[PDB]
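Just one chain follows, in the form solved without the ligand, and it is written as structure tokens.
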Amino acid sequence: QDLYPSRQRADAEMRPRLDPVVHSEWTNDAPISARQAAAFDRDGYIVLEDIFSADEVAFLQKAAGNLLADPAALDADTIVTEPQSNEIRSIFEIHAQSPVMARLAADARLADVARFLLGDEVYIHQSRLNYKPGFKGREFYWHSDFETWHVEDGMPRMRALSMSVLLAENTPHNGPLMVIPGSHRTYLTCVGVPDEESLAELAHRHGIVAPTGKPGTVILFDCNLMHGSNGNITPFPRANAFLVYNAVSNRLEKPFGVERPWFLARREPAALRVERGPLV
């Protein structure tokens, strides 16, 4: 009934993953190579580069820029601002509010990779457009999305993944996403913030990596991969569209705790329909 209990004890534990990472047999018909599929399984993330043309990228950048600069058509409940400020940091449900971001989410270059990796038809569990300014960019402390999705949203199994489509360049210096590779194969119960000693143990065993890339680069990661980012004092902003794909068969139950709003988690979802062709 609960494969992954967390936030119950006062002590934390490292429990085993009890789900596959790659949920399909690999064949010549798969949308990624046999090595890509093995890398995702072993590391918990892969990077897709040069999949969108320069015109497609510029178009996604313009759409995102317009959303961030002009939020007025959006649902106010979906907007996350800097704490004592009206400056936008995230817009949730972008796949539902923006025709361009709906179309991005449905695009075969993304969604068929999801359907392969998750061995199922898929739907959008959550989406967000994120903007982290230069100079006063904040850190995002280490977490596994799955531990939250499970405890708070009722997601039963590790059968979801996130895709980050970079809309502003990530360099080594502007606080890119950092992951602990292979950490997805351990479920770290929380006492919902993972503990220092277990993070030190994961990082010593697996190291840290910070995928970088130019706008249009897609960073794909397993729902349970341990990740976070440093802050950003550089003048160079970070911006991405974050799409969470879940298998339709892993649809949410009652929360495995008592611990949320509409827009954080889609609570019988229908299958995403895949679109083929250029975005513009």
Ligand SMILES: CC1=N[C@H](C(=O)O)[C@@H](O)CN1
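Residues carry their position along the shown sequence, with the first being 1.
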Where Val191 meets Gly192 in the shown sequence, the number of deposited residues left unmodelled: 10 or more
I want to verify a possible break: how many residues of the deposited sequence sit between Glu259 and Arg260 without any coordinates (none, 1 to 3, 4 to 9, 10 or more)? 1 to 3
Mean CA temperature factor from the deposited coordinates, higher in 156 to 164 or in 205 to 213? 205 to 213
Between 250 to 258 and 30 to 38, point out the one with the higher average CA B-factor as the PDB entry records it. 250 to 258
Residue, from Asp222, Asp70, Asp43, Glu49, that the PDB entry assigns the highest Cα B-factor: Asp70
Return the residue from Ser183, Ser85, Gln126, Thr148 that has the highest Cα B-factor in the entry. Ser85
Assert third(CA B-factor, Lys132) within chain per record equals highest
C-alpha B factor of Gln61, ranked within the chain: lowest, middle or highest third? middle
Among all modelled residues of this chain, ranked by Cα B factor, put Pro16 in the bottom, middle or top third, i.e. lowest, middle or highest. middle
Assigned third (lowest, middle, highest) for the C-alpha B factor of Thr171: highest
Third of the chain, ranked by Cα B-factor, where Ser98 sits: middle
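Just so it is clear, the following notes concern the form solved in complex with the ligand, a form of the same protein that is not shown.
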Counting 3 or more ligand atoms within 2.4 Å of any backbone or C-beta atom as blocked, would the ligand, superposed onto this chain from where it sits in the deposited bound form, find the site open or blocked? open
The ligand isn't shown here, but in the deposited bound form which of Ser98, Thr186, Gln126, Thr78 has a heavy atom within 4.5 Å of it? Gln126
In the deposited bound form, the residue from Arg103, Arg109, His143, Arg157 with a non-hydrogen atom within 4.5 Å of the ligand is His143
The chain here is shown without the ligand. Which stretch in 204 to 212, 109 to 117, 68 to 76, 144 to 152 comes within 4.5 angstroms of it in the deposited bound form, by heavy atom distance? 144 to 152
Please check if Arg260 has a heavy atom lying within 4.5 Å of any heavy atom of the ligand in the deposited bound form. yes
If we define contact as a non-hydrogen atom of the residue within 4.5 angstroms of the partner, is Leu264 a contact of the ligand in the deposited bound form? yes
